[PDB]
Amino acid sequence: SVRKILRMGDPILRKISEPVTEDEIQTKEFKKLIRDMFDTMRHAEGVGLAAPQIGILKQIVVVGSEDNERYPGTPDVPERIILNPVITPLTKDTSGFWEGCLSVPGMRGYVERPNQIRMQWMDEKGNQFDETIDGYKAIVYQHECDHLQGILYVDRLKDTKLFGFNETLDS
């Protein structure tokens, strides 16, 4: 079901989320949470969503694009669940991008993150992964994994001069 997304200024968004246990991924609740998250992410036309954005300090991330309106250009991102992620940059090369966040409504900010990272996670069935991601996917996983450590993209603005409300950015 759709859930209330917390906005910037709420102290939760700044706390550290803790790991999900192997047991936990069987609980009826869990499966229902992942459900709500996806329902929520979709209703918001969002590209990804982290558990703490809805008030749950659990290392649970969900992504999924498909013709996303909010970030029109961006290539499609296949629905997937990311649990207990751990990212590591593999380069200093950085791709720029006007990031946005559902917890930071109606605004965009240019942010440069490394364009090639090594992420390690676990999924709903409990499978371990350790791949090297790059491109938009990398950009998305990083933005979303940051939430898990209490970090919002406004913390990484390249410059505060390149930050503002959507409406005016172009108009």
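Sequential numbering from 1, following the sequence displayed.
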| remark: Entry B factor averaged over C-alpha atoms, 12 to 20 against 148 to 156: higher for 12 to 20
| query | Which has higher Cα B-factors on average according to the PDB entry: 21 to 29 or 159 to 167? | reply | 21 to 29
| request: Using the temperature factors in the entry, find which of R118, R113, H43, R108 has the highest value at its Cα atom. | output: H43
| request: Compare the CA B factors listed in the entry for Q59, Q142, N127, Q53 and report the winner. | output: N127
| request: State the tercile, meaning the lowest, middle or highest third, of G73 with respect to the CA B-factors recorded for its chain. | output: highest
